[PDB]
Amino acid sequence: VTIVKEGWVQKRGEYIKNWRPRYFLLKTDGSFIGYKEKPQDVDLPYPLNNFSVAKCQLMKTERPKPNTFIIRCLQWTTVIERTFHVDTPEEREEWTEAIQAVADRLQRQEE
């Protein structure tokens, strides 16, 4: 398993509808793991966020924040969707490309 993309994002809270900073890693197994800081090697086993992007749906929007992407998976019945924004459209497209590419590989790995 390797890192496909990593970087800083603003993420809407899991319980409160605010934005907070997160450092996220997307891995080849579909894990999308977030930390409060760019992880020191020591802190890698203790993420704040840990979910799978397998079989996700993705949406890109510009309101309320420019360069937003939204991830939805069927089994996320509390949060419904997880919402992110980054500072440029190019960075946003990198994340949504990377996410879909990981999801597609996981689907071909079953087939």
Side-chain angles (χ1 to χ4, degrees), residues 1-16 18-35 37-39 41-45 47-106 108-109 111:
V1 181
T2 48
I3 298 171
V4 176
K5 189 161 166 70
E6 60 181 283
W8 282 103
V9 302
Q10 292 274 93
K11 182 176 173 292
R12 287 220 174 267
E14 293 285 303
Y15 298 90
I16 294 157
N18 55 21
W19 292 107
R20 292 287 186 270
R22 294 286 192 275
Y23 194 90
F24 264 85
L25 276 52
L26 174 69
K27 298 194 193 187
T28 49
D29 63 1
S31 4
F32 197 34
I33 303 170
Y35 301 85
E37 282 164 23
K38 179 169 168 179
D41 294 342
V42 64
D43 295 304
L44 282 175
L48 297 170
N49 305 99
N50 193 352
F51 56 91
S52 179
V53 300
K55 305 185 187 170
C56 71
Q57 302 207 67
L58 295 169
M59 296 202 278
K60 295 180 284 193
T61 61
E62 309 308 320
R63 293 293 165 85
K65 295 281 190 301
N67 312 313
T68 294
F69 59 103
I70 305 163
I71 317 176
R72 282 170 99 147
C73 296
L74 179 73
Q75 74 278 12
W76 300 349
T77 59
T78 312
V79 307
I80 310 102
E81 70 194 14
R82 293 180 163 109
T83 307
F84 301 83
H85 82 260
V86 291
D87 195 53
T88 69
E90 291 90 359
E91 187 73 356
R92 189 225 346 245
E93 195 65 23
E94 293 199 8
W95 279 114
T96 57
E97 285 161 10
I99 294 166
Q100 187 63 254
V102 170
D104 292 346
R105 279 174 187 278
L106 295 176
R108 308 307 180 284
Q109 279 170 24
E111 284 167 27

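The basis for the numbers below is simple: all heavy atoms, side chains too, and nothing from hydrogens, waters or symmetry mates. Residues take their numbers from the sequence shown, with the count starting at 1.
- Summarising the geometry, atom CH2 belonging to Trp95 is positioned 15.5 Å from atom CD belonging to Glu90; distances are rounded to the nearest 0.5 Å.
- Here the closest heavy-atom approach between residue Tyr35 and residue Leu48 is recorded as C-CD1, 3.8 Å.
- Smallest separation of non-hydrogen atoms from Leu106 and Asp29: CD1-O, 3.7 Å.
- In this structure the side chain of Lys11 never reaches within 4.5 angstrom of the side chain of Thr83, judged on heavy atoms.
- Among all heavy-atom pairs drawn from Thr68 and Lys65, the shortest one is OG1-O, 2.7 Å.
- Across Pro64 and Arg12, no two heavy atoms sit closer than the pair CG-NH2, 3.6 Å.
- In this structure, OG1 in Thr96 is found 11.5 Å from CD1 in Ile70, a value given to the nearest 0.5 Å.
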Exercise for the section: Begin with the C-alpha distance, continue with both residues' side-chain angles, and end with the deciding distance and a verdict on side chain to side chain contact (heavy atoms under 4.5 Å, CB included) for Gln100 and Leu58. Expected result: CA-CA 8 Å; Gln100 187 63 254; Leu58 295 169; 4.0 Å; yes
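- Side-chain contact check for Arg108 versus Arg105: every heavy-atom pair is 4.5 Å or farther apart.
- Considering all non-hydrogen atoms of both residues, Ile33 and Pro47 come closest at CG2-CB, 3.1 Å.
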Problem - Check against side chain to side chain contact (heavy atoms under 4.5 Å, CB included), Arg92 and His85 - result: CA-CA 7 Å; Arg92 189 225 346 245; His85 82 260; over 6 Å; no
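- The two atoms that bring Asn50 and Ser31 nearest to each other are OD1-CB, 4.3 Å, heavy atoms only.
- Within the model, atoms OG1 of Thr28 and CD1 of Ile3 stand 9.5 Å from one another, a figure rounded to the nearest 0.5 Å.
- Checked against the 6.0 Å centroid criterion, the rings of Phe84 and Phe69 qualify as a close aromatic pair.
- Using a 4.5 Å heavy-atom threshold, the side chains of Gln75 and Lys55 count as separate.
- Using a 4.5 Å cut-off between side-chain heavy atoms of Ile, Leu, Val, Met, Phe, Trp and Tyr, with links allowed through other members, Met59 and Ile99 fall into different hydrophobic clusters.
- In terms of modelled atom types and a separation under 3.5 Å, the side chain of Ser52 and the main chain of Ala54 share a donor-acceptor contact.
- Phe24 is connected to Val79 through a chain of hydrophobic side-chain contacts under 4.5 Å among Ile, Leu, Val, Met, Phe, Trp and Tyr, so both are in one cluster.
- Residues that satisfy the salt bridge (charged side-chain N to carboxylate O under 4.0 Å, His left out) test with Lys27, not counting sequence neighbours, are absent from this structure.
- With sequence neighbours excluded, the residues forming a salt bridge (charged side-chain N to carboxylate O under 4.0 Å, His left out) with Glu81 are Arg72, listed by chain and number.
- Separation of atoms CD1 (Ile80) and CD1 (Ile71) is listed at 14.5 Å; rounding is to 0.5 Å.
- Scored by the side-chain hydrogen bond (donor to acceptor under 3.5 Å, both in side chains) test, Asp87 finds no partners at all (sequence neighbours excluded).
- Relative to the six-membered ring of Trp8, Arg22 misses at least one condition, a distance below 6.0 Å or an angle of at most 45° to the axis.
- A distance below 6.0 Å separates the ring centres of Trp76 and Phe51.
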Exercise for the section: Begin from the C-alpha positions of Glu93 and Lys60 and carry the test salt bridge (charged side-chain N to carboxylate O under 4.0 Å, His left out) through to its verdict. Expected result: CA-CA 9 Å; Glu93 195 65 23; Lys60 295 180 284 193; 2.8 Å; yes
Handout entry: Worked check of salt bridge (charged side-chain N to carboxylate O under 4.0 Å, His left out) between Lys5 and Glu91
Key = CA-CA 10 Å; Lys5 189 161 166 70; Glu91 187 73 356; 3.1 Å; yes
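- A donor-acceptor pair is defined here as one N or O able to donate and one able to accept, closer than 3.5 Å; no such pair exists between the side chain of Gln57 and the backbone of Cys73.
- Annotation: side chain of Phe32 is not in contact with side chain of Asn49 (no heavy-atom distance under 4.5 Å).
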